[PDB]
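**Q** need a 3D model of the sequence below.
(3 chains)
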Amino acid sequence: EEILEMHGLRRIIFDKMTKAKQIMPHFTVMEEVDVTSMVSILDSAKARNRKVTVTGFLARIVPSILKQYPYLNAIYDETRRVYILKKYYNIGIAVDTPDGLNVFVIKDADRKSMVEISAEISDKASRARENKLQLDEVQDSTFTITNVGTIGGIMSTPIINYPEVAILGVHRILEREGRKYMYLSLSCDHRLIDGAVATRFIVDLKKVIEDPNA
Amino acid sequence: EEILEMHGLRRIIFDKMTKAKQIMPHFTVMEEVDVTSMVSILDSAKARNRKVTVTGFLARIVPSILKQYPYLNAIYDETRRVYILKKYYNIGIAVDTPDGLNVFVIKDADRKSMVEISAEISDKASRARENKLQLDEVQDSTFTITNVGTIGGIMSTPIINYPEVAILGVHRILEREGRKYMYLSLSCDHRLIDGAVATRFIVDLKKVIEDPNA
Amino acid sequence: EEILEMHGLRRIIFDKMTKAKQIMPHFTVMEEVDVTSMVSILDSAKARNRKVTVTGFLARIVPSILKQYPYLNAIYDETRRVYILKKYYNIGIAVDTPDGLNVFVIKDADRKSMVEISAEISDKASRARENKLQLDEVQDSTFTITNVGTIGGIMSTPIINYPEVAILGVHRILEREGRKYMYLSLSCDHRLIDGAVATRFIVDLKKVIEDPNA
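**A** Residues are numbered from 1 along each chain as shown, chains lettered A, B, ... in the order given. Structure as follows:
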């Protein structure tokens, strides 16, 4: 066998993790979403004004509900028993780059329209692959979203990006009967966030992918 | 952006949850259940009787299945080595108060009718929203159950209330095809609760909800 | 109320699990699989070929796909600094004993046929539930599987057999359309197995169960 060691980016992502759930107890909850009301909304706009990705539409909605539920847009400090509830919203996006999993951020997401946020993730991801991305662009994720759906998968239990307080898992689309379905999940620090309040969050969010007309 | 320090109640959970998935490695399972037979025994004793809730119900069945699966109801102590299994089954239950989440214990659930159990849940739940609960009433839980199935959600990897040795996760009543199913989840310390002996229990339970004609 | 502490097997697993989800942080993804082609492939081969098990079938394909993601067939280490990816494929498949859970290795599995495999898995099994098993047959698992779908449960968050770096949960099969599906959960270490690769693995498994023919 060939023993192989640890890298830079690999040593980072190793470390982020060994710590993330060294000190954040993970709770994870899910619902499903009648995404048919969603799915077509991109297809009509993928018709005129490419693009809006699935990643891209979600990041559009997610902030305005973290607005109602503040406990989820927050950070975990080393002053120990402490807080940082961030009022501004820069959301993280986990992408696969040939070296290892890289998180980056959408500058004030609660400001950007559908297309912009989607043109940006396009801008940064292929730039994230060619490993030419900059110090400021990977920093200050108040919250973060992980899509596996462009590969596959029903539902996962993702590990929260430290030191945020919450992460959200996008997955593959379904087709139950005869509507378009998809499972979403939520993982969080089960101390700064209850059971109930994590779930109360996903339903208010679900309701705006349920009703994009709201 | 805002700050602050860890609160009385919130801090008790903070510590409890860190010392939860800090000592106890988590294993969770999910089994689907047909609650159709259940739903209408809810709707029939909703009218000619009253109460007997989605929660208040399960609390009635669980203590007897724990009579068969002894490993599931014991609390984990100070000393490593030791386990202590308990022969007296009172279940704790997960109510969200305004002051943070709570766990009260309807005692010896094996000697109270679905009605008492579902009065006692609401009796105590109503007072839990004023933390006007007695220190006595929130004690000694051998097992615990948690209902987001009021607020929403189809699936969970929940956190065992420490020092108990497992937990059960109640969810939303999805209607697939023409009958009613809700997913259940059970997490537990996989040090004494094996791969099988977890599934074996939630598989034995799956029966009891799937025919309350028992 | 009964003390009862720790025995032989109980100690080996307790200790093995305490330390498992104590170093290795646990990310896990689920995929649903159309096993109708598999299931009918069993029954045509059961009416005449004595074998093959749900396990053993899965087990045959497993090493094939580890030969495509080098990372999942690996085992963690002493001094932190190291990782050792394994090149031969020995799949440890875990069944029940009377004392608790056991794991044993169906060794160099990429060579053996589905009939070959399933005869071995059922052999070592009835042995291990008699605790009549060699130090030999419990050697170098490069990768672990856990079928509780013989008991029930659509899914679980199975914890990786230490220090192997991936695991796979096998589950209860349910009829939908009604076609035939079950869920496939793969847990693993999130230090190496980035999100995308876990999924990229269990879409790459999901695709083989669905097309056993090309």
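
**Q** mind listing the helices for chain A?
**A** With DSSP state H as the criterion, chain A has helices at A:9-23, A:36-48, A:54-61, A:63-66, A:114-129, A:196-210.

**Q** and of those, who's closest to chain B?
**A** helix A:196-210 (3.7 Å; Cβ to the nearest Cβ). C-beta coordinates here come from the backbone N, C-alpha and C atoms, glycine included.

**Q** work out the gap between that closest one and the centre of the chain.
**A** For helix A:196-210, the distance from its own C-alpha centre to the chain's C-alpha centre is 15 Å (Cα atoms, centre = their mean, to the nearest Å).

**Q** angle of it against helix A:36-48?
**A** 50 degrees (axes from the mean of the first three to the mean of the last three Cα atoms, to 10 degrees).

**Q** for helix A:196-210, packing partners?
**A** strand A:26-32, helix A:36-48, helix A:54-61, helix A:63-66, strand A:183-189, strand B:91-97 (3 or more Cβ pairs under 8 Å, 6 or more residues apart in numbering or on different chains; DSSP states H and E).

**Q** tell me the bridge partners for the most centrally placed residue in chain A.
**A** Against the mean C-alpha coordinate of chain A, by Cα atoms, centre = their mean, the closest residue is residue A:145 at 0.6 Å. Under DSSP bridges, the beta-bridge partners of residue A:145 are residue A:93, residue A:168.

**Q** how far away is it from chain B?
**A** Separation of residue A:145 from chain B (Cβ to the nearest Cβ, to the nearest Å): 19 Å.

**Q** go ahead and confirm that residue touches residue A:94.
**A** Yes - counting by Cβ atoms under 8 Å, residue A:145 touches residue A:94, with 7.1 Å between them.

**Q** how about the residues of chain A by chain B?
**A** A:21, A:23, A:25-32, A:81-88, A:155, A:157, A:176-177, A:183, A:190-192, A:194-197, A:199-200, A:202-203, A:206 (Cβ under 8 Å from any Cβ of the partner chain).

**Q** which among these count as buried?
**A** A:21, A:25-32, A:83-86, A:155, A:157, A:183, A:190-192, A:194-197, A:199-200, A:202-203, A:206 (16 or more other Cβ atoms under 10 Å in any protein chain shown).

**Q** returning to that earlier point: for residue A:150, find the nearest of the helices and strands packed on helix A:196-210.
**A** Among the helices and strands packed on helix A:196-210, the nearest to residue A:150 by Cβ to Cβ is helix A:54-61 (7.4 Å).

**Q** show me what that closest one is packed against.
**A** Applying 3+ Cβ pairs under 8 Å, 6+ apart, one finds that helix A:54-61 contacts helix A:36-48, strand A:91-95, helix A:114-129, strand A:143-147, strand A:166-170, helix A:196-210.

**Q** what residues are up against the nearest residue in space to residue A:156 that is not next to it in sequence?
**A** Nearest non-adjacent residue to residue A:156, counting by Cβ to Cβ, 6 or more residues apart in numbering or on different chains: residue C:29, 4.0 Å away. Shown in contact with residue C:29 (Cβ atoms under 8 Å, 6 or more residues apart in numbering or on different chains): A:148, A:153, A:154, A:155, A:156, C:185, C:186, C:195, C:198, C:199, C:202.

**Q** ok, of these, which one's closest to chain B?
**A** Chain B lies nearest to residue A:155 out of these, by Cβ to the nearest Cβ, at 7.0 Å.

**Q** what distance do you get for that closest one to residue A:33?
**A** For residue A:155, the distance to residue A:33 equals 12 Å [Cβ to Cβ, to the nearest Å].

**Q** before we move on, back to that, mind putting the helices and strands packed on helix A:54-61 in TSV, distance to residue C:124 included?
**A** Formatted as TSV, those follow (distance: least, Cβ to Cβ, whole Å):
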stretch	distance to residue C:124
helix A:36-48	48
strand A:91-95	40
helix A:114-129	45
strand A:143-147	39
strand A:166-170	37
helix A:196-210	42
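
**Q** so who does the closest residue to residue A:37 other than its chain neighbours touch?
**A** Spatial nearest neighbour of residue A:37, excluding adjacent residues (Cβ to Cβ, 6+ apart): residue A:212 at 5.6 Å. Going by Cβ under 8 Å, 6+ apart, residue A:212 touches A:37, A:38, A:41.

**Q** over to residue A:84?
**A** So residue A:84 contacts A:74, A:75, A:76, A:77, B:1, B:3 (Cβ under 8 Å, 6+ apart).

**Q** then residue A:153?
**A** Counting by Cβ under 8 Å, 6+ apart, residue A:153 touches A:171, A:172, C:29, C:30, C:31, C:199, C:202, C:203.

**Q** do the same with residue A:183
**A** With Cβ under 8 Å, 6+ apart, residue A:183 has these contacts: A:30, A:31, A:32, A:154, A:155, A:171, A:174, B:154, B:155.

**Q** quick check on the nearest residue to residue A:9 once chain neighbours are set aside: phi, psi?
**A** Closest residue in space to residue A:9, ignoring its immediate chain neighbours: residue A:100 at 4.3 Å, by Cβ to Cβ, 6+ apart. The phi/psi pair for residue A:100 (degrees, to the nearest 10) reads phi 170, psi 170.

**Q** mind checking how far residue A:100 is from residue A:15?
**A** Applying Cβ to Cβ to residue A:100 and residue A:15 gives a distance of 12 Å.

**Q** of the two, which one has the most company?
**A** More neighbours surround residue A:100 than the other of residue A:100 and residue A:15, with 18 against 13 (other Cβ atoms under 10 Å in any protein chain shown).

**Q** which residue sits closest to residue A:187, ignoring its sequence neighbours?
**A** Going by Cβ to Cβ, 6+ apart, residue A:187 has residue A:28 as its nearest residue, at 4.4 Å.

**Q** who does that neighbour form a beta bridge with?
**A** residue A:187, residue B:157.

**Q** quick check, residue A:56 in contact with residue A:113.
**A** No - contact criterion Cβ under 8 Å: residue A:56 and residue A:113 do not qualify, at 10.5 Å.

**Q** can you give the contact residues for stretch A:108-118?
**A** If you take Cβ under 8 Å, 6+ apart as the criterion, stretch A:108-118 is touched by A:45, A:49, A:51-53, A:55-57, A:59-60, A:62-64, A:67, A:88-91, A:106, A:120.

**Q** so among those, which ones count as buried?
**A** Among the contacts of stretch A:108-118, those buried by neighbour count (16+ other Cβ under 10 Å) are A:45, A:52-53, A:55-57, A:59-60, A:62-63, A:89-91, A:106, A:120.

**Q** could you list the contact residues of chain A toward chain C?
**A** Checking chain A against chain C by Cβ under 8 Å from any Cβ, the hits are A:1-6, A:10, A:13-14, A:17-18, A:20-22, A:94, A:96, A:100-101, A:146, A:148, A:151-159.

**Q** filter those residues to the buried ones?
**A** Buried among the residues of chain A next to chain C by 16+ other Cβ under 10 Å: A:6, A:10, A:13-14, A:17-18, A:20-21, A:94, A:96, A:100-101, A:146, A:148, A:151-159.

**Q** could you list every residue that touches the residue nearest to residue A:9?
**A** Residues near residue A:100 by Cβ under 8 Å, 6+ apart: A:7, A:9, A:10, A:12, A:13, C:194.
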